[PDB]
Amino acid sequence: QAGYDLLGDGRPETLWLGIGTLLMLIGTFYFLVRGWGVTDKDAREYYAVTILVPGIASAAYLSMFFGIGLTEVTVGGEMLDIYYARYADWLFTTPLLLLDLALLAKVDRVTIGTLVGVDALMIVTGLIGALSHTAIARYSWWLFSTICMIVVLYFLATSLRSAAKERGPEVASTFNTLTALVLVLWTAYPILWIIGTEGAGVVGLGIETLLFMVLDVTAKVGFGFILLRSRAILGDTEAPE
């Protein structure tokens, strides 16, 4: 794999996992310190949700860096390297990111349940695909997961967007800016997976880990930076509970 075997354990991708760990930690601490001076009840909710996104990713990236939760999956004569913590991270952080968007939109808890449920199914079926032992199974689960993703993104771009519009220009503009990022950045994930080690195997583990790290840092720290600097986070919220 393209990279550098930092820990001397035969894993050049740890260069990228190490860089990712550091960036997630810096982002977490930045949001934490910024949050300490926040008093508004709504803004505190966005900070709490959003700090946890690179916070949990920090733990996942540190895990992966040290090789905790790394195993191999037999696919014919190949043994594909899978990091469980990548999927565990996404299982927690994608619902949190969607909750941020749902708070902005001020949508109801059944809408939120639908959104986060389909998102969880996306991650679970991606993991099933990653652990599957035939190409046909891996591609089939990938396709199912990708349909789940399209459903999530469609809901964001239609139902939640229309709800956010009613909340006035500040909230609408922030919702729209973040949704623009999400529709593009999230779609990059299935593309990378299917061209990478899990799918067609065009891209190797090194470049793939690098690019997932960039996507993860952008979709977490980048997203969070854009959200938390907006006046929209002062607007009234209704948590699902």
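For every residue, the number given is its place in the sequence shown, counted from 1.
- Stretches 123-131 and 157-165 differ in mean CA B factor, with 157-165 having the higher one.
- Per the PDB record, of the two stretches 145-153 and 72-80, 72-80 carries the greater mean B-factor over its C-alpha atoms.
- The PDB entry assigns the greatest CA B-factor among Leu185, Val202, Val214, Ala57 to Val202.
- Per the deposited record, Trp36 carries the highest C-alpha B-factor of all listed residues (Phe65, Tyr189, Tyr47, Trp36).
- Among all modelled residues in its chain, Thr14 ranks in the lowest third by Cα B-factor.
- Annotation for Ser230: C-alpha temperature factor in the highest third relative to the rest of the modelled chain, per the entry.
- Looking at the C-alpha B-factors along this chain, the one for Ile136 belongs to the highest third.
- Ranked within its chain, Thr174 lands in the middle third, by CA B factor from the PDB record.
- Among all modelled residues in this chain, the alpha-carbon of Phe31 has a temperature factor (C-alpha) in the middle third.
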